[PDB]
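Step one of this worksheet: look at the structure below.
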Amino acid sequence: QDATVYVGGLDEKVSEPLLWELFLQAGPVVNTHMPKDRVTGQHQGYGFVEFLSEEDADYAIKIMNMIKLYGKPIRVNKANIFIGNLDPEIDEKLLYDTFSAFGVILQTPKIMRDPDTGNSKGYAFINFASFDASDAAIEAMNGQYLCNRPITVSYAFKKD
Amino acid sequence: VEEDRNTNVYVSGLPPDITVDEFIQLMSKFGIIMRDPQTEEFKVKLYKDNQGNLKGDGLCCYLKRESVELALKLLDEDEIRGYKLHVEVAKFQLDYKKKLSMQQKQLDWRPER
Amino acid sequence: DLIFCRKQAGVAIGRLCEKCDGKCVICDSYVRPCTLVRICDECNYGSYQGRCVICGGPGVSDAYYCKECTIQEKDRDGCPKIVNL
Amino acid sequence: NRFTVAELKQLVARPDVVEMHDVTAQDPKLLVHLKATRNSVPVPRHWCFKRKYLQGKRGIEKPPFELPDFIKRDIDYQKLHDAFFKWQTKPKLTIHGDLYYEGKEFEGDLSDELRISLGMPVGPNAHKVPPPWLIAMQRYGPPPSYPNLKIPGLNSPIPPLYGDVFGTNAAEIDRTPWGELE
Amino acid sequence: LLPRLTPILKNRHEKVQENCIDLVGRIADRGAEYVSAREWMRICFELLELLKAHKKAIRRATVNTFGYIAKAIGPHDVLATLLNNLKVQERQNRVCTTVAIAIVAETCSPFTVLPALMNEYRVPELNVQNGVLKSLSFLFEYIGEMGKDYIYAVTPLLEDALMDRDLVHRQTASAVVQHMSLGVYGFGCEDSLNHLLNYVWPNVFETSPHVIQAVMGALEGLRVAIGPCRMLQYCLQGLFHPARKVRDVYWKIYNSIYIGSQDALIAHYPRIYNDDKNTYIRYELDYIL
Amino acid sequence: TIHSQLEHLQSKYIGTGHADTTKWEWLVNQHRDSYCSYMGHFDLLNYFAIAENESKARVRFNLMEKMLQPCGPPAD
Amino acid sequence: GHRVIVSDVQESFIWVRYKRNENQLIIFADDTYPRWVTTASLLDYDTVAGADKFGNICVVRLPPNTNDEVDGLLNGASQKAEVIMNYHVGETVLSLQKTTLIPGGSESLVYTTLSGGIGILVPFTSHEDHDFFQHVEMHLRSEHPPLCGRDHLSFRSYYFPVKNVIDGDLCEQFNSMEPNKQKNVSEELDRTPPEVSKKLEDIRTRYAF
Amino acid sequence: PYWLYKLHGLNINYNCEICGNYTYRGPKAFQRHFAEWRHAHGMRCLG
RNA sequence: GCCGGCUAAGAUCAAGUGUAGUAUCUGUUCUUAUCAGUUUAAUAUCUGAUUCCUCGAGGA
Ligand SMILES: CC[C@H](O)[C@@H](C)[C@H]1O[C@@H]1C[C@@](C)(O)/C=C/C=C(\C)[C@H]1OC(=O)C[C@H](O)CC[C@@](C)(O)[C@@H](OC(=O)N2CCN(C3CCCCCC3)CC2)/C=C/[C@@H]1C
Ligand SMILES: [Zn+2]
Ligand SMILES: [Zn+2]
Ligand SMILES: [Zn+2]
Ligand SMILES: [Zn+2]
């Protein structure tokens, strides 16, 4: 897990030897793994590249971070408001700093991860201090231009 | 509905002294003739007049379609000793698994000797 | 009981009948006859003088090994006459 | 009056070829010695199985037969014969000892399609058009995993870059064969 | 003359038949441009039944005349018709069709027959692939030395047929391997033959008599084409296996390898070290002038 | 019964084995036909006679004498 | 210059590299046949000609895939070498050498035998000469068989099958056949006996005397 | 399928001291255990 | 084959049908158990010995 780098944000043009060919300049990528879905039978955008040394994986994570690969925000990492279609290049501290401009955050946010890879699932949950920050996130942040990924902010629970 | 997959062939015109055995030989020269599953007596029909008179027309159904297309390009416009035959895909206008599998096993490639 | 004789072969030439004329005695092939068949002296004697080596009918022509059997030196065993017990 | 596996492993020069049943042979020392000869592929491995050499799993259901490339590219004259003997290639072949068994069928440069899908323009004549991963290499330094790699702008000059080649590896006789047709 | 001549081919006298076939053969060899190709097709389809004749001269003349007619009208149409006929008929007619395909492929180079025959193996239906395999078997047996240019083309098909669960598939593929091995010998085709041996060998533990017979035939053909050293290398580790089944099979194969080419094996035996009681090293071969 | 006859003829040929063949029989068989092959091939005997500095008749006689009991006497 | 070739008494050939800066001798290739090597000759950077105690000559070449920079699959080395030539001579060869014999001629492989014989193996330069000589050998194998009952193809395949060698000692026996059989042989090659004789003499005078 | 119990090799148990005297079942599983995690763990104990 | 398991993973003993040959189908049973011998690469197989609980009954 230390020598392997988890890549997120892969489109349909990216393939299993294509990621190994793109990561060959960063370091000696020994193997590439792409988990296939059960309903569609294709990649879900997240994969893994197992290299030989941890320094090559660190250089690939520091070089290929927030890159625009196949029209997709590909990024390598070390393997009541709901935000969907978020970029995997952002972290919890980056999401807390991005959410601090609209309103005040009550605590540190959390992002959902896949049970197989564990880098990024695609959705996240963040809680605001009051309902005014949630309304400002649903008015402004729900549709704002993020890092090559159109996010969507919505309410997790609402009572009619 | 079934446009192709028609294993029946229609022999337009034949000598009026045609027997059944000479006809089934003519037809067996081009493949295996399908047999009625409940019985013997290959599925071959000699069309007859209101009497014993022979109209001179014949029907023959085959096991497979390739044998039909074989008879089409080898029997059509070919002369038996006296007469000129005509061959066409038969027109129609108006137990099972056991013997099906047997006739299939007639095409086997099993070890002999 | 289809067994070859496998005795020391002599100067007698093997014969084939009208039904077996083109056949190879060992593998029953019909392609490329190559080597003349020799039989032992007990297979060539008296009433056995001219006889098919495969079946035993009246011989009409020479028996041959095929090129495939000649390449594998299967013509170097004994008398290839089919004998029944 | 028969060896144990660990006892026989102590006697032989090569213990990793010893197996469970090897101690039950009539002459295990000769068996293990022949198992270590510098050749001699081993036994087909399904002698002890109980499934008649054809595994009924692994999803063998697949395409019937994929003809070679030379198959596709009167019916064809001596010119298409010329084509079939110019296109004829040698297929993949396994060497002397690679036996088959039931299971063993399933188990600086960028492509033009990936560069077109990623939104990267083509290489100009005399300018600086780096990939977006090259800015991190120009800021932090060269990668220690591949020190011999050259990039345009940092180590390679701008006029280099030609087509889709955005990098080159520069690693720091009488090679002609002897008897060959002319 | 020829349309008057074609009904005599069905006469049942031997001299009449032989002379008629010879005459039609001469006509097809020299005067081929005087009669339509459809009548030639009918005549060849009629000649198909004479390959079963009880007499050798009839078969010889029929082979000659079929070769001439095939050389005349072209391989494409006759090959299509022969494949259709191989698909739908009884045993003897299918065997005669196989012989006819081999004849067509020998007169008109097998380059013209092999693609259409391999395209028929692509049909997803048994009893069609087995016919293609029998035709390939007889084709290689019939062309012999000419096959040295076509071993690379049929290797993946033989791989597929040897990986198959059907027994007739593997038996016929073994027969093909045997005929191909004995056909090319001294022509430098050892790579593909070793590759195919890697797929033939796992079938030695087969109980079915026909399959094991074909496997033994293929092994004895590879003993000639590939050499006894490779066969001894395949037998060494099983000669002294703990199981009696493995020992029986391997000693049968070894005795077959030993009876043929006993002399070559002298240079191939592996070194066996002396024990306390007995001396096993051959010291003369260790001399160094 | 043709296969059974082949199984009896293969056993008949001297030098063939079976599932009960021991190491000693195998090794003496290959030693014996090695000595016969040396006697047959003219340039192998030349090599040996040059190597050990003997006449070729002497090497032939030595090989014939070694033919009797190669690999020592059998077990038990 | 870079590599070392080792001959084993019973194994054929081992390829070794000397690491000048690491002071290491590493085995990176070997063969798949047992050979009782008597002598060896380097033909180029990848190919070796070998001889045998049993009277055989062979040529072994490294595949183009071969990696030299190494730091077993058959209880041997990881990479293997391919055999591209096999020939039985009938006598034990003790000397092999690549050289040019006549002034202004071509390079040949000269060998020497324990019975006092001297011979050469020369390469073909075109496919037409190779095909013509192959057909000559094929037709002379049948219509002029060896005198003591031996099969010619089986004799040159004594220990290993022949690979890519034409027996020119069988081919030059054409000049000593009777005119009727010389015509029967020549009319199959679409040629006359004098043309075949001239073609046989050309390849000999190109290399040797 | 009590018949598979004795046909596949069960009811015959093997134990390994390198693996906590862990007793394994029929030979197909017992031969595979040396590659599994628990045996690697037990072997690392000795080094 | 499906998401370790759902007893389609094996052997066997009687009968029917049928082929030149291979075969195909039904009832079954499958020791749920131990020891000794034979045997098997190891299984397998074969050869012999081996009072209580519950509501007259059943199970061990
Ligand atoms: C697998 C197929 C079957 O075994 C099948 C042959 C056989 O089971 C049937 C029964 C039966 C009696 O009908 C068989 C028929 C026989 C044949 C079709 C053979 O024809 C003959 O016997 C004719 C005659 O004996 C000799 C003709 C001949 C020399 O061409 C012979 O074939 C050959 O020897 N070849 C094969 C090699 N070929 C090349 C061509 C270049 C120069 C000639 C030699 C090399 C030449 C012709 C016959 C071939 C038929 C298979
Ligand atoms: Zn034969
Ligand atoms: Zn007969
Ligand atoms: Zn006899
Ligand atoms: Zn353990």
Side-chain angles (χ1 to χ4, degrees), chain A residues 41 115, chain B residues 95 97-112, chain C residues 1-2 28, chain D residues 1-5 8 17-28 30-32 35 42-54 56 59 102 106, chain E residues 90-92 126-127 130 165-172 205-214 237-251, chain F residues 2-3 19-20, chain H residues 1-14 24-32 36:
Chain B
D95 258 339
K97 179 259 285 211
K98 248 289 279 184
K99 268 80 153 212
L100 264 185
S101 35
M102 314 319 248
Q103 317 233 15
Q104 292 313 307
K105 296 185 48 209
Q106 229 163 357
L107 320 154
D108 219 21
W109 292 115
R110 58 166 153 264
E112 297 179 0
Chain C
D1 300 74
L2 291 210
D28 280 41
Chain D
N1 280 196
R2 262 161 44 163
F3 290 112
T4 74
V5 168
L8 168 77
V17 302
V18 178
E19 268 137 43
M20 200 66 267
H21 330 273
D22 286 344
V23 296
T24 69
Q26 285 159 343
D27 195 320
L30 172 62
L31 188 268
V32 166
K35 273 173 140 233
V43 310
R45 102 167 51 184
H46 77 271
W47 71 273
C48 75
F49 292 1
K50 290 155 187 158
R51 312 123 49 179
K52 270 227 195 303
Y53 175 49
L54 278 308
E102 296 106 309
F106 319 113
Chain E
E90 41 101 37
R91 272 311 276 263
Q92 257 284 98
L126 291 198
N127 292 352
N130 279 349
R165 340 173 170 245
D166 189 26
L167 287 157
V168 177
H169 265 250
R170 305 206 297 277
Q171 173 202 4
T172 317
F205 295 133
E206 219 70 45
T207 45
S208 169
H210 299 108
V211 186
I212 202 65
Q213 199 227 55
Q237 279 194 213
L239 278 179
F240 285 90
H241 195 89
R244 186 175 288 273
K245 302 186 319 161
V246 184
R247 265 185 276 125
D248 285 332
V249 170
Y250 272 73
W251 278 107
Chain F
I2 353 200
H3 346 314
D20 289 323
Chain H
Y2 237 103
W3 23 258
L4 129 127
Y5 186 56
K6 263 225 275 301
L7 162 78
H8 264 304
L10 296 323
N11 87 94
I12 304 263
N13 33 31
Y14 312 80
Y24 296 86
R25 254 46 198 250
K28 298 297 148 109
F30 175 67
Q31 221 294 303
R32 255 177 322 135
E36 310 299 43

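In what follows, chains carry the letters A, B, and so on, assigned in the order in which the sequence lines appear, proteins first and then strands, with residues in each chain numbered from 1. Only this structure's heavy atoms are used, side chains among them; waters, hydrogens and symmetry mates stay out.
- Remark: the bases of I:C30 and I:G10 do not meet in a Watson-Crick or G-U wobble pair with both edge contacts under 3.5 Å.
- Using atom P as the reference point in both I:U40 and I:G58, the two lie 46 Å apart (nearest Å).
- Sequence order on RNA chain I of the closest nucleotides to D:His21 and H:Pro1 puts H:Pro1 first from the 5' end.
- Partners of D:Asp27 according to the side-chain hydrogen bond (donor to acceptor under 3.5 Å, both in side chains) rule, which considers only residues two or more places apart in sequence or in another chain, do not exist here.
- In this view, H:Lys6 satisfies the side-chain hydrogen bond (donor to acceptor under 3.5 Å, both in side chains) rule with no residue, not counting sequence neighbours.
- For the P atoms, the distance linking I:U47 with I:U39 amounts to 16 Å, nearest Å.
- Between I:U50 and I:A36, the two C1' atoms lie 11 Å apart (nearest whole Å).
- Applying the 90° cutoff around 0 to the glycosidic angle, I:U32 is assigned syn.
- Computed from coordinates, the E:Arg247 CZ to I:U40 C1' distance equals 12 Å when rounded to whole Å.
- For the consecutive nucleotides I:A23 and I:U24, the six-membered rings of the bases sit within the stacking limits of 5.5 Å between centres and 30° between planes.
- Between I:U34 and I:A49 there is a Watson-Crick or G-U wobble pairing whose two distances both come in under 3.5 Å.
- No Watson-Crick or G-U wobble pair links I:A9 with I:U31 when both atom distances must be under 3.5 Å.
- The base-pairing partner of I:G4, taking Watson-Crick or G-U wobble contacts with both distances under 3.5 Å, does not exist among the strands shown.
- Taking atom CD on E:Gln171 and atom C1' on I:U22, their separation rounds to 11 Å, with Å as the unit.
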Nucleotide-resolved protein contact map, nucleotides 26-33 of chain I, B/S/- at heavy-atom distance under 4.0 Å: ----BBB-
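- On the P atoms, I:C53 is 31 Å away from I:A49, given to the nearest whole Å.
- What separates CD of E:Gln237 from P of I:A41 is a distance of 19 Å, to the nearest Å.
- Rounded to whole Å, the distance from CD on D:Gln26 to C1' on I:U40 is 13 Å.
- Judged by Watson-Crick and G-U wobble geometry, where both atom pairs must sit under 3.5 Å apart, I:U43 and I:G27 do not count as a base pair.
- Centroid-to-centroid, the aromatic rings of E:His241 and E:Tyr250 stay 6.0 Å apart or farther.
- For the pair D:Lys50 NZ and I:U40 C1', the computed distance is 11 Å after rounding to whole Å.
- The backbone N or O of B:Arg110 sits less than 3.5 Å from a side-chain atom of E:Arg91, completing a donor-acceptor pair.
- Classification of the I:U39/I:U40 step: stacked, the six-membered rings being closer than 5.5 Å at their centres and less than 30° apart in plane orientation.
- Rounded to an integer number of Å, the gap from B:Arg110 CZ to I:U22 P is 12 Å.
- Remark: the backbone N or O of B:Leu107 is paired with a side-chain donor or acceptor of E:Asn127 at under 3.5 angstrom.
- Using bins of under 30°, 30° to 60° and over 60° for the plane-to-plane angle, the ring pair H:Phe30/H:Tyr24 lands in the tilted bin.
- When the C1' atom is compared between I:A15 and I:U24, the two are found 14 Å apart, to the nearest whole Å.
- Separation of the P atoms belonging to I:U32 and I:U45 is 12 Å when rounded to the nearest angstrom.
- Nucleotide I:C46 has I:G37 as its partner under the Watson-Crick or G-U criteria, with both atom distances under 3.5 Å.
- In this step of the strand, I:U43 stacks on I:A44, since the centres of their six-membered base rings are under 5.5 Å apart and the ring planes meet at under 30°.
- By the Watson-Crick or G-U wobble test, with both distances required under 3.5 Å, I:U32 and I:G56 do not count as a base pair.
- For I:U24, the paired nucleotide is I:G16, the pair qualifying as Watson-Crick or G-U wobble because both relevant distances are below 3.5 Å.
- Comparing the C1' positions of I:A44 and I:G37 gives an interatomic distance of 16 Å, to the nearest angstrom.
- Taking 3.5 Å as the upper bound for both contacts, I:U28 does not pair with I:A60 in Watson-Crick or G-U wobble fashion.
- Under the rule of centres below 5.5 angstrom and planes below 30 degrees, the bases of I:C25 and I:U26 are stacked.
- B:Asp108 places its CG atom 13 Å from the P atom of I:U24, with the value rounded to the nearest Å.
- Adjacent nucleotides I:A8 and I:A9 miss the stacking criterion of ring centres closer than 5.5 angstrom and planes inclined by less than 30 degrees.
- Note: CG (E:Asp166) to P (I:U22) measures 17 Å, nearest angstrom.
- Residues that satisfy the side-chain hydrogen bond (donor to acceptor under 3.5 Å, both in side chains) test with D:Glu19, not counting sequence neighbours, are D:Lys35.
- With sequence neighbours excluded, the residues satisfying salt bridge (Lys or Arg N to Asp or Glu O under 4.0 Å) with E:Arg244 are F:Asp20.
- Counting heavy atoms of neighbouring residues, nucleotides and ligands inside a 6.0 Å radius, atom CD of H:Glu36 exceeds 12 of them.
- For the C1' atoms, the distance from I:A41 to I:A33 is 28 Å, rounded to whole Å.
- Along RNA chain I, the nucleotide nearest to D:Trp47 and the one nearest to B:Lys105 differ in position, and the one closer to the 5' end is contacted by B:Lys105.
- Partners of D:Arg45 according to the salt bridge (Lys or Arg N to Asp or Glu O under 4.0 Å) rule, which considers only residues two or more places apart in sequence or in another chain, do not exist here.
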